[PDB]
């Protein structure tokens, strides 16, 4: 099979064995990358969520021809516009994307998260998500979008500004069938990781989406599938794992890009579709949006 992980936090210190500035185990990032390559991951989109993190994502993406990155400001970080001067901050994000055309493939992560108002209030989130359509309009890059507990406001901004972006994906989607149908009507794609598959209602929503509008991702080291999640029973491929780090083993409770196969197994069993046929469609959809040239 072949995969493109549209949302992988490859810069996370967990992949270097680092926990709050402390070396807990040997840096195993290259081993993590190697396990993902072995299962068929061909490209990795390393997510950026503010100016500095987008620079960090780009700097890691420059280390390997399989790696790419995004530039944008996550809803939880949108206080950085007023802190730094909003027009300067926007221009810094714009320059970072425009000067790095090979590696930067999307504007984002951006959108809304009304379960995280303690990090950035609603008004600031709405204002600065909408402002980022200046980045998509100028760069002609597709968007990598976030929506939690905010469909109505998210749809309003996206629908009003649809002609200001070439396309995009609503990643780690966890909304209703009506929300998914409204997003597909705007010619947007729907991304699934483990966090999109936790409930029985999430599985039913997945069934309602045409396969030509789906993408796949892990959000590793987060969103690992747990037995309490509705789709866990469908996972078939396991990896050697240890609770205390050991060479050649995954670390218990740390998700990795290789675990994208488990997301594929869930999606294909839920939809009653051949696993490779669905994997190939997901790959082709991702190329069309993020790698068409």
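Residue numbers count along the first chain shown, from 1.
As recorded in the PDB entry, 13-21 is the stretch of 13-21 and 275-283 with the greater mean C-alpha temperature factor.
Between 262-270 and 49-57, it is 49-57 that carries the larger average Cα temperature factor according to the deposited entry. Within the group 222, 144, 114, 173, the record's highest C-alpha temperature factor is found at 114. Across the options 110, 169, 216, 126, the residue with the most elevated CA B-factor in the record is 126.
Annotation for residue 254: C-alpha temperature factor in the middle third relative to the rest of the modelled chain, per the entry. Sorting the modelled residues of the chain by their CA temperature factor places residue 191 in the lowest third. Sorting the modelled residues of the chain by their CA temperature factor places residue 106 in the lowest third. Per-chain ranking of the deposited C-alpha B factor places residue 34 in the middle third.
In the deposited entry, the Cα temperature factor of residue 181 places it in the highest third of its chain's modelled residues.
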